[PDB]
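K.L.:
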Amino acid sequence: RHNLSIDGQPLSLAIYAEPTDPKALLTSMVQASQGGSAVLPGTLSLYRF
Amino acid sequence: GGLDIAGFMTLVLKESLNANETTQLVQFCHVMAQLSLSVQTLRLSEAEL
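Right under this line is the structure:
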């Protein structure tokens, strides 16, 4: 009834649908907005240019 | 340790006048070291942080 031989050996070759490959993992550089410095009013020096 | 960034600075500028503010001082640095090590372990980028 269970499709075996007289000894119990199976009569149908099975299959398992092999697992789908390794996996690729990558890294990347990340950048953010960056500002600059400001300027203040200047002092008046005592010496010439 | 209840310390802010300004409170940490004022404790630094003490002539060893540390009674038990050291408990606040070491707790502030302990958490700071934890945060830095967590960022380094995760390899977080400066942009994301």
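Protein chains in written order, with this note's numbering: chain A, 1130 to 1178; chain B, 2 to 50.
The C-beta atom is built at its ideal place from N, Cα and C for all residues, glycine as well.
Kindly list, in the order they appear in chain B, the residues whose Cβ is closer than 7 Å to that of residue 1161/A.
P.N.:
Neighbours of residue 1161/A on chain B, chain order: 48.
K.L.:
For residue 1133/A, which beta-bridge partners are listed by DSSP?
P.N.:
1139/A, per the DSSP bridge assignment.
K.L.:
Using alpha carbons as the reference points, say which of 41/B, 16/B, 17/B, 12/B lies closest to residue 29/B.
P.N.:
Checked all of 41/B, 16/B, 17/B, 12/B; the closest Cα to residue 29/B is 12/B.
K.L.:
Are residue 1134/A and residue 1140/A touching if we call contact CB-CB under 8 Å?
P.N.:
Contact: yes.
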